[PDB]
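A.B. asks: Sharing data_21.txt (compact mmCIF, N, CA and C atoms and all ligand atoms) below.
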```
# COMPACT_ATOMS: atom_id res chain seq x y z
N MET A 1 58.68 110.44 119.02
CA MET A 1 59.60 109.82 118.07
C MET A 1 60.22 110.87 117.17
N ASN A 2 60.72 110.42 116.00
CA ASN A 2 61.38 111.38 115.15
C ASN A 2 60.47 111.80 114.00
N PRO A 3 60.64 113.02 113.50
CA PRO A 3 59.94 113.43 112.29
C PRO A 3 60.61 112.82 111.08
N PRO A 4 59.97 112.82 109.92
CA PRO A 4 60.70 112.48 108.71
C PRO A 4 61.86 113.43 108.52
N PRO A 5 62.96 112.97 107.93
CA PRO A 5 64.12 113.86 107.73
C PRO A 5 63.76 114.97 106.75
N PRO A 6 64.54 116.05 106.73
CA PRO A 6 64.27 117.14 105.79
C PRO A 6 64.32 116.62 104.36
N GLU A 7 63.50 117.23 103.50
CA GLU A 7 63.50 116.84 102.10
C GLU A 7 64.89 117.00 101.52
N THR A 8 65.28 116.06 100.66
CA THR A 8 66.55 116.14 99.95
C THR A 8 66.37 116.25 98.44
N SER A 9 65.13 116.18 97.96
CA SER A 9 64.79 116.29 96.55
C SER A 9 63.54 117.14 96.43
N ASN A 10 63.43 117.86 95.32
CA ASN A 10 62.25 118.68 95.05
C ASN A 10 62.03 118.65 93.55
N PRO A 11 61.13 117.79 93.06
CA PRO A 11 60.99 117.62 91.61
C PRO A 11 60.42 118.84 90.91
N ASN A 12 59.78 119.74 91.64
CA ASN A 12 59.26 120.96 91.05
C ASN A 12 60.31 122.06 90.92
N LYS A 13 61.47 121.87 91.50
CA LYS A 13 62.48 122.91 91.47
C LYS A 13 63.46 122.66 90.32
N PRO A 14 63.76 123.63 89.46
CA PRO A 14 64.82 123.41 88.47
C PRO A 14 66.16 123.24 89.15
N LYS A 15 67.13 122.76 88.37
CA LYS A 15 68.43 122.41 88.91
C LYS A 15 69.54 123.08 88.12
N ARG A 16 70.62 123.37 88.83
CA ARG A 16 71.80 123.91 88.19
C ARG A 16 73.02 123.54 89.02
N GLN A 17 74.17 123.53 88.37
CA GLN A 17 75.46 123.38 89.04
C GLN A 17 76.21 124.70 88.95
N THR A 18 76.79 125.12 90.07
CA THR A 18 77.58 126.34 90.11
C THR A 18 78.92 126.02 90.75
N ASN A 19 79.91 126.88 90.48
CA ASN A 19 81.23 126.69 91.09
C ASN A 19 81.16 126.72 92.61
N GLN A 20 80.30 127.56 93.18
CA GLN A 20 80.23 127.62 94.64
C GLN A 20 79.59 126.36 95.23
N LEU A 21 78.54 125.85 94.59
CA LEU A 21 77.94 124.61 95.09
C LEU A 21 78.91 123.44 94.95
N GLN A 22 79.66 123.37 93.85
CA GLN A 22 80.65 122.32 93.74
C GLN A 22 81.67 122.42 94.87
N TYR A 23 82.10 123.64 95.18
CA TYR A 23 83.08 123.85 96.24
C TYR A 23 82.50 123.50 97.61
N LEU A 24 81.22 123.81 97.84
CA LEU A 24 80.59 123.45 99.11
C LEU A 24 80.54 121.94 99.31
N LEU A 25 80.38 121.17 98.23
CA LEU A 25 80.37 119.71 98.38
C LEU A 25 81.79 119.16 98.49
N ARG A 26 82.67 119.56 97.57
CA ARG A 26 83.92 118.84 97.44
C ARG A 26 84.99 119.30 98.42
N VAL A 27 84.85 120.50 98.97
CA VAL A 27 85.82 121.06 99.89
C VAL A 27 85.21 121.29 101.27
N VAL A 28 84.11 122.04 101.33
CA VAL A 28 83.54 122.41 102.62
C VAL A 28 82.94 121.19 103.30
N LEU A 29 81.89 120.63 102.71
CA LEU A 29 81.22 119.49 103.32
C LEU A 29 82.20 118.34 103.53
N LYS A 30 83.02 118.05 102.51
CA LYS A 30 83.94 116.92 102.62
C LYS A 30 84.91 117.12 103.78
N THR A 31 85.41 118.34 103.96
CA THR A 31 86.34 118.60 105.05
C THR A 31 85.67 118.43 106.41
N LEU A 32 84.47 118.98 106.57
CA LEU A 32 83.78 118.82 107.84
C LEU A 32 83.40 117.37 108.08
N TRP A 33 83.05 116.66 107.00
CA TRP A 33 82.57 115.28 107.14
C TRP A 33 83.64 114.37 107.72
N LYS A 34 84.89 114.63 107.39
CA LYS A 34 86.04 113.83 107.80
C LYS A 34 86.63 114.27 109.13
N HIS A 35 86.10 115.34 109.73
CA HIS A 35 86.63 115.84 110.99
C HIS A 35 86.38 114.84 112.11
N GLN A 36 87.30 114.82 113.07
CA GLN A 36 87.17 113.98 114.26
C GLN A 36 85.78 114.07 114.89
N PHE A 37 85.17 115.26 114.86
CA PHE A 37 83.93 115.54 115.58
C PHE A 37 82.68 115.38 114.73
N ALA A 38 82.80 114.89 113.49
CA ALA A 38 81.69 114.96 112.56
C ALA A 38 80.56 113.98 112.88
N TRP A 39 80.87 112.80 113.42
CA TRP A 39 79.88 111.72 113.51
C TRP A 39 78.52 112.16 114.05
N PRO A 40 78.42 112.86 115.18
CA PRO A 40 77.08 113.23 115.68
C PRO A 40 76.28 114.08 114.72
N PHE A 41 76.93 114.71 113.74
CA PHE A 41 76.26 115.60 112.81
C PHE A 41 76.05 114.98 111.43
N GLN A 42 76.40 113.70 111.25
CA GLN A 42 76.32 113.09 109.93
C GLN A 42 74.94 112.54 109.59
N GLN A 43 73.98 112.62 110.50
CA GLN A 43 72.63 112.14 110.26
C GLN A 43 71.70 112.92 111.16
N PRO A 44 70.39 112.92 110.87
CA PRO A 44 69.45 113.60 111.76
C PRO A 44 69.57 113.10 113.19
N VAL A 45 69.48 114.04 114.14
CA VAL A 45 69.36 113.69 115.55
C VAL A 45 68.24 112.68 115.73
N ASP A 46 68.57 111.54 116.32
CA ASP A 46 67.60 110.49 116.60
C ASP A 46 67.24 110.60 118.07
N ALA A 47 66.08 111.19 118.35
CA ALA A 47 65.70 111.49 119.72
C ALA A 47 65.33 110.25 120.51
N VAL A 48 64.97 109.16 119.84
CA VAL A 48 64.65 107.95 120.60
C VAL A 48 65.91 107.14 120.90
N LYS A 49 66.87 107.09 119.97
CA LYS A 49 68.11 106.37 120.24
C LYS A 49 68.93 107.07 121.31
N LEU A 50 68.99 108.40 121.25
CA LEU A 50 69.74 109.21 122.20
C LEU A 50 68.93 109.59 123.43
N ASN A 51 67.66 109.18 123.50
CA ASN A 51 66.80 109.41 124.66
C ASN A 51 66.72 110.91 124.98
N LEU A 52 66.12 111.63 124.03
CA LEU A 52 65.91 113.08 124.10
C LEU A 52 64.44 113.39 123.87
N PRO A 53 63.58 113.11 124.86
CA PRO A 53 62.12 113.21 124.61
C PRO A 53 61.62 114.62 124.28
N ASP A 54 62.35 115.68 124.64
CA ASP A 54 61.90 117.04 124.36
C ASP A 54 62.60 117.68 123.16
N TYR A 55 63.40 116.92 122.41
CA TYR A 55 64.24 117.53 121.37
C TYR A 55 63.40 118.25 120.32
N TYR A 56 62.32 117.61 119.85
CA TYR A 56 61.54 118.18 118.76
C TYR A 56 60.43 119.10 119.25
N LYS A 57 60.29 119.28 120.57
CA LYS A 57 59.53 120.40 121.09
C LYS A 57 60.34 121.68 121.04
N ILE A 58 61.66 121.56 121.21
CA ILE A 58 62.56 122.70 121.24
C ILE A 58 63.09 123.02 119.85
N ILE A 59 63.42 122.00 119.07
CA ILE A 59 64.02 122.16 117.74
C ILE A 59 62.96 121.81 116.71
N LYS A 60 62.40 122.84 116.06
CA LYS A 60 61.38 122.66 115.04
C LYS A 60 61.92 122.71 113.62
N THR A 61 63.18 123.12 113.43
CA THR A 61 63.82 123.12 112.12
C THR A 61 65.12 122.32 112.20
N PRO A 62 65.01 121.00 112.30
CA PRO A 62 66.22 120.17 112.38
C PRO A 62 67.06 120.29 111.13
N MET A 63 68.37 120.11 111.30
CA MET A 63 69.25 120.03 110.14
C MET A 63 70.50 119.27 110.54
N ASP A 64 71.14 118.64 109.56
CA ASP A 64 72.31 117.80 109.81
C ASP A 64 73.12 117.71 108.53
N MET A 65 74.38 117.28 108.68
CA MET A 65 75.27 117.23 107.51
C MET A 65 74.93 116.09 106.56
N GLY A 66 74.32 115.01 107.05
CA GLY A 66 73.87 113.98 106.13
C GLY A 66 72.83 114.52 105.17
N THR A 67 71.90 115.33 105.69
CA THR A 67 70.93 115.99 104.84
C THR A 67 71.60 116.98 103.89
N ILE A 68 72.54 117.79 104.39
CA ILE A 68 73.21 118.76 103.53
C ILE A 68 73.96 118.04 102.42
N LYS A 69 74.62 116.93 102.76
CA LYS A 69 75.36 116.16 101.77
C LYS A 69 74.44 115.66 100.66
N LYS A 70 73.30 115.06 101.03
CA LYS A 70 72.36 114.57 100.03
C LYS A 70 71.78 115.71 99.21
N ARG A 71 71.50 116.84 99.87
CA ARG A 71 71.00 118.00 99.14
C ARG A 71 71.99 118.43 98.07
N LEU A 72 73.28 118.53 98.43
CA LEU A 72 74.30 118.88 97.45
C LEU A 72 74.38 117.82 96.35
N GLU A 73 74.40 116.54 96.73
CA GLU A 73 74.53 115.47 95.74
C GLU A 73 73.33 115.43 94.80
N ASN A 74 72.15 115.80 95.29
CA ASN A 74 70.92 115.78 94.51
C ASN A 74 70.65 117.09 93.78
N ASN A 75 71.57 118.04 93.85
CA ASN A 75 71.37 119.37 93.26
C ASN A 75 70.08 120.00 93.77
N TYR A 76 69.81 119.80 95.06
CA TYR A 76 68.66 120.40 95.71
C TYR A 76 68.81 121.90 95.85
N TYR A 77 70.03 122.37 96.04
CA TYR A 77 70.29 123.79 96.24
C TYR A 77 70.42 124.49 94.90
N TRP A 78 69.71 125.60 94.75
CA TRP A 78 69.87 126.50 93.62
C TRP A 78 70.86 127.61 93.94
N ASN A 79 70.82 128.10 95.18
CA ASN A 79 71.69 129.17 95.65
C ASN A 79 72.64 128.65 96.73
N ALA A 80 73.90 129.07 96.66
CA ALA A 80 74.86 128.63 97.68
C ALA A 80 74.42 129.07 99.08
N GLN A 81 73.72 130.20 99.18
CA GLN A 81 73.25 130.67 100.48
C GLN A 81 72.31 129.66 101.15
N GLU A 82 71.54 128.91 100.36
CA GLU A 82 70.67 127.89 100.95
C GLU A 82 71.47 126.89 101.75
N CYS A 83 72.63 126.49 101.21
CA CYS A 83 73.45 125.48 101.87
C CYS A 83 74.13 126.07 103.10
N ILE A 84 74.66 127.29 102.97
CA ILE A 84 75.25 127.96 104.12
C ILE A 84 74.22 128.11 105.23
N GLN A 85 72.98 128.45 104.87
CA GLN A 85 71.93 128.58 105.88
C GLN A 85 71.69 127.26 106.61
N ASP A 86 71.73 126.14 105.88
CA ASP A 86 71.51 124.84 106.53
C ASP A 86 72.61 124.53 107.54
N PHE A 87 73.87 124.79 107.18
CA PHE A 87 74.94 124.63 108.15
C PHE A 87 74.69 125.46 109.40
N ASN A 88 74.34 126.73 109.22
CA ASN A 88 74.07 127.60 110.36
C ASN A 88 72.92 127.06 111.21
N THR A 89 71.87 126.57 110.56
CA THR A 89 70.76 126.00 111.32
C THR A 89 71.22 124.81 112.16
N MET A 90 72.02 123.93 111.56
CA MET A 90 72.55 122.79 112.28
C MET A 90 73.32 123.22 113.52
N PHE A 91 74.22 124.20 113.36
CA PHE A 91 75.01 124.65 114.51
C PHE A 91 74.11 125.30 115.56
N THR A 92 73.19 126.17 115.13
CA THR A 92 72.37 126.91 116.08
C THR A 92 71.45 125.97 116.86
N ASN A 93 70.88 124.95 116.19
CA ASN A 93 70.06 123.97 116.89
C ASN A 93 70.82 123.34 118.04
N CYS A 94 72.09 123.00 117.80
CA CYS A 94 72.92 122.39 118.83
C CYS A 94 73.13 123.35 120.00
N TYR A 95 73.38 124.64 119.72
CA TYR A 95 73.55 125.61 120.80
C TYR A 95 72.25 125.86 121.55
N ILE A 96 71.10 125.73 120.89
CA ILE A 96 69.83 125.97 121.58
C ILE A 96 69.51 124.83 122.53
N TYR A 97 69.63 123.59 122.05
CA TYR A 97 69.14 122.46 122.82
C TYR A 97 70.08 122.11 123.98
N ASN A 98 71.38 122.22 123.76
CA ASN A 98 72.34 121.76 124.75
C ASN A 98 72.85 122.93 125.60
N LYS A 99 73.60 122.60 126.63
CA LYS A 99 74.08 123.66 127.49
C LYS A 99 75.50 124.06 127.10
N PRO A 100 75.87 125.32 127.32
CA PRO A 100 77.26 125.72 127.05
C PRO A 100 78.25 124.83 127.79
N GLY A 101 79.28 124.40 127.08
CA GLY A 101 80.28 123.55 127.67
C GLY A 101 80.03 122.06 127.54
N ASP A 102 78.81 121.64 127.19
CA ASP A 102 78.57 120.23 126.88
C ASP A 102 79.53 119.77 125.79
N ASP A 103 79.93 118.50 125.86
CA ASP A 103 80.82 117.95 124.85
C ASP A 103 80.32 118.26 123.44
N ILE A 104 79.03 118.04 123.19
CA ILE A 104 78.52 118.19 121.83
C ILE A 104 78.60 119.64 121.39
N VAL A 105 78.47 120.59 122.33
CA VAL A 105 78.52 122.00 121.98
C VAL A 105 79.94 122.41 121.62
N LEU A 106 80.93 121.94 122.38
CA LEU A 106 82.31 122.23 122.02
C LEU A 106 82.68 121.59 120.70
N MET A 107 82.08 120.44 120.37
CA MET A 107 82.32 119.82 119.07
C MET A 107 81.72 120.66 117.95
N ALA A 108 80.47 121.10 118.12
CA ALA A 108 79.87 122.00 117.13
C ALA A 108 80.69 123.27 116.96
N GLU A 109 81.19 123.83 118.07
CA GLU A 109 81.99 125.05 117.99
C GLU A 109 83.24 124.84 117.14
N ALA A 110 83.93 123.72 117.32
CA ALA A 110 85.10 123.43 116.49
C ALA A 110 84.71 123.27 115.03
N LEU A 111 83.62 122.56 114.76
CA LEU A 111 83.17 122.38 113.38
C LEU A 111 82.78 123.71 112.75
N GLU A 112 82.11 124.58 113.52
CA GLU A 112 81.67 125.85 112.97
C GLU A 112 82.87 126.74 112.64
N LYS A 113 83.85 126.79 113.54
CA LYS A 113 85.03 127.61 113.27
C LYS A 113 85.72 127.14 111.99
N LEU A 114 85.78 125.82 111.78
CA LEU A 114 86.37 125.28 110.55
C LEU A 114 85.49 125.59 109.34
N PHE A 115 84.17 125.43 109.49
CA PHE A 115 83.23 125.83 108.44
C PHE A 115 83.49 127.26 107.98
N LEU A 116 83.64 128.18 108.93
CA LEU A 116 83.83 129.58 108.59
C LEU A 116 85.15 129.78 107.86
N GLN A 117 86.19 129.05 108.26
CA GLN A 117 87.46 129.11 107.55
C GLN A 117 87.32 128.64 106.11
N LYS A 118 86.55 127.57 105.89
CA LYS A 118 86.39 127.06 104.53
C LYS A 118 85.49 127.96 103.69
N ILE A 119 84.41 128.48 104.28
CA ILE A 119 83.49 129.36 103.55
C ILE A 119 84.20 130.62 103.11
N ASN A 120 85.18 131.06 103.88
CA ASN A 120 85.95 132.24 103.51
C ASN A 120 86.66 132.07 102.18
N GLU A 121 86.97 130.84 101.79
CA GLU A 121 87.67 130.56 100.55
C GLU A 121 86.72 130.19 99.42
N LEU A 122 85.42 130.42 99.59
CA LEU A 122 84.46 130.16 98.53
C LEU A 122 84.85 130.94 97.27
N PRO A 123 84.88 130.30 96.11
CA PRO A 123 85.22 131.02 94.87
C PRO A 123 84.09 131.96 94.47
N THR A 124 84.45 132.92 93.63
CA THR A 124 83.51 133.94 93.20
C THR A 124 82.39 133.37 92.33
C1 LIG B 201 85.24 118.33 123.52
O1 LIG B 201 84.71 117.01 123.46
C2 LIG B 201 85.72 116.03 123.30
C3 LIG B 201 85.27 115.05 122.24
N1 LIG B 201 83.96 114.50 122.53
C4 LIG B 201 83.77 113.39 123.24
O2 LIG B 201 84.67 112.59 123.48
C5 LIG B 201 82.36 113.17 123.78
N2 LIG B 201 81.54 112.26 122.99
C6 LIG B 201 81.75 112.45 121.55
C7 LIG B 201 80.91 111.47 120.75
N3 LIG B 201 79.49 111.66 121.04
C8 LIG B 201 78.68 110.75 120.22
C9 LIG B 201 77.22 110.54 120.65
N4 LIG B 201 76.27 111.18 119.73
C10 LIG B 201 75.89 110.77 118.48
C11 LIG B 201 76.52 109.61 117.78
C12 LIG B 201 75.56 108.89 116.84
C13 LIG B 201 74.67 107.94 117.62
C14 LIG B 201 75.22 106.92 118.38
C15 LIG B 201 74.42 106.04 119.09
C16 LIG B 201 73.04 106.19 119.06
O3 LIG B 201 72.25 105.31 119.76
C17 LIG B 201 72.90 104.29 120.54
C18 LIG B 201 72.78 104.66 122.00
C19 LIG B 201 73.75 105.76 122.40
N5 LIG B 201 73.44 106.38 123.69
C20 LIG B 201 73.75 105.48 124.80
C21 LIG B 201 74.18 107.64 123.85
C22 LIG B 201 72.47 107.21 118.31
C23 LIG B 201 73.29 108.07 117.59
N6 LIG B 201 74.96 111.53 117.94
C24 LIG B 201 74.73 112.53 118.88
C25 LIG B 201 73.92 113.66 118.82
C26 LIG B 201 73.96 114.58 119.86
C27 LIG B 201 73.21 115.86 119.76
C28 LIG B 201 73.23 116.82 118.71
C29 LIG B 201 73.95 116.77 117.40
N7 LIG B 201 72.50 117.86 119.01
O4 LIG B 201 71.96 117.60 120.29
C30 LIG B 201 72.39 116.39 120.71
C31 LIG B 201 71.90 115.92 122.02
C32 LIG B 201 74.76 114.34 120.99
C33 LIG B 201 75.56 113.21 121.07
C34 LIG B 201 75.54 112.33 120.00
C35 LIG B 201 79.26 111.47 122.47
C36 LIG B 201 80.11 112.45 123.28
```
The structure in this file should be written as structure tokens.
C.D. replies:
Amino acid sequence: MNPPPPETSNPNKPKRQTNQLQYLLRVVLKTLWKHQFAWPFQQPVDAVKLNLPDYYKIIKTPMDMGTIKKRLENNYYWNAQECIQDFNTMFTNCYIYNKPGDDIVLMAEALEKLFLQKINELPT
């Protein structure tokens, strides 16, 4: 079955808002979220609904944009790099589990290229 989703809150961690984290939520995440290809990435991979019995043997660090969105909304991230790392993990998991040329891989590739375009405009 599925593991519990990644934590989206950490009560022991202090919180702050930064210009880069605001930009990651309001521009980066929002832009990817509305993309034609976003739906498969808007929530944790559900291995029982999608019938993927080996998914969590192969992918031990799941990540998805629904989790990233809640993390941003909950001020879970202290450093903007934490959020960028989660996006990268999401994309890399997709490339590891699936085969090159699969529909989902070409969708991740389009989302990643757009992610990189938006991250390039991150404010100082
Ligand atoms: C270039 O390409 C052209 C454009 N693409 C297309 O036109 C092709 N299509 C796009 C839409 N896709 C949605 C399908 N999809 C979803 C949608 C959410 C969902 C829907 C139904 C469901 O359960 C009901 C039962 C459903 N059962 C019968 C399938 C549970 C979840 N989440 C996915 C995660 C994964 C994935 C992730 C991420 N990492 O590894 C894997 C595995 C893969 C595919 C996924 C299909 C292909």
A.B. asks: Between atom N of residue 18 of chain A and atom C of residue 81 of chain A, measure the distance and give it in Å to one decimal.
C.D. replies: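 So the answer is 12.8 Å.
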A.B. asks: One decimal, in Å: what's the spacing between atom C18 of ligand LIG 201 (chain B) and atom CA of residue 94 of chain A?
C.D. replies: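 We find that atom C18 of ligand LIG 201 (chain B) and atom CA of residue 94 of chain A lie 18.0 Å from each other.
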A.B. asks: Identify, on the basis of all atoms listed in the file, every residue whose closest approach to segment 109-120 of chain A does not exceed 6.5 Å; exclude the query and any residue fewer than 4 positions from it along the same chain; express the result as an MDAnalysis selection string.
C.D. replies: chainID A and resid 28 104:105
A.B. asks: Quick check, in Å to one decimal: how far apart do atom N1 of ligand LIG 201 (chain B) and atom CA of residue 1 of chain A lie?
C.D. replies: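 Between these atoms lies a distance of 25.2 Å.
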A.B. asks: Select from chain A every residue with an atom at most 8 Å from any atom of ligand LIG 201 (chain B), then for each give the shortest pair of atoms and their distance in Å to one decimal, using only N, CA and C atoms and all ligand atoms, rows by chain and rising number, as a Markdown table.
C.D. replies:
```
| residue | atom | partner | partner_atom | distance |
| --- | --- | --- | --- | --- |
| A:36 | C | B:LIG201 | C3 | 7.4 |
| A:37 | CA | B:LIG201 | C3 | 6.8 |
| A:38 | C | B:LIG201 | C11 | 7.7 |
| A:39 | C | B:LIG201 | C11 | 4.9 |
| A:40 | CA | B:LIG201 | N6 | 3.5 |
| A:41 | N | B:LIG201 | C29 | 5.1 |
| A:42 | N | B:LIG201 | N6 | 7.2 |
| A:43 | N | B:LIG201 | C12 | 7.5 |
| A:44 | C | B:LIG201 | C29 | 7.1 |
| A:45 | CA | B:LIG201 | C25 | 5.6 |
| A:46 | N | B:LIG201 | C23 | 6.0 |
| A:47 | N | B:LIG201 | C22 | 7.5 |
| A:48 | C | B:LIG201 | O3 | 6.7 |
| A:49 | C | B:LIG201 | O3 | 4.1 |
| A:50 | N | B:LIG201 | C22 | 4.7 |
| A:51 | N | B:LIG201 | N5 | 6.4 |
| A:52 | CA | B:LIG201 | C31 | 6.9 |
| A:55 | CA | B:LIG201 | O4 | 7.8 |
| A:64 | CA | B:LIG201 | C29 | 7.8 |
| A:90 | C | B:LIG201 | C29 | 7.6 |
| A:93 | C | B:LIG201 | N7 | 5.8 |
| A:94 | CA | B:LIG201 | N7 | 4.6 |
| A:95 | N | B:LIG201 | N7 | 6.9 |
| A:96 | C | B:LIG201 | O4 | 8.0 |
| A:97 | C | B:LIG201 | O4 | 6.1 |
| A:98 | N | B:LIG201 | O4 | 5.8 |
| A:101 | C | B:LIG201 | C1 | 7.6 |
| A:102 | C | B:LIG201 | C1 | 6.3 |
| A:103 | CA | B:LIG201 | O1 | 4.2 |
| A:104 | CA | B:LIG201 | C32 | 5.4 |
| A:105 | C | B:LIG201 | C1 | 7.0 |
| A:106 | C | B:LIG201 | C1 | 5.0 |
| A:107 | N | B:LIG201 | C1 | 4.9 |
| A:108 | N | B:LIG201 | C1 | 7.7 |
```
A.B. asks: I need the residue nearest residue 15 of chain A from this list: A:100, A:123, A:74, A:2. Use all atoms listed in the file for the distance.
C.D. replies: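 Distance minimum relative to residue 15 of chain A lands on A:74.
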A.B. asks: So which one's closest to residue 69 of chain A, A:12, A:25, A:31, A:84? Using all atoms listed in the file, please.
C.D. replies: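 Once distances to residue 69 of chain A are computed over all atoms listed in the file, the minimum belongs to A:25.
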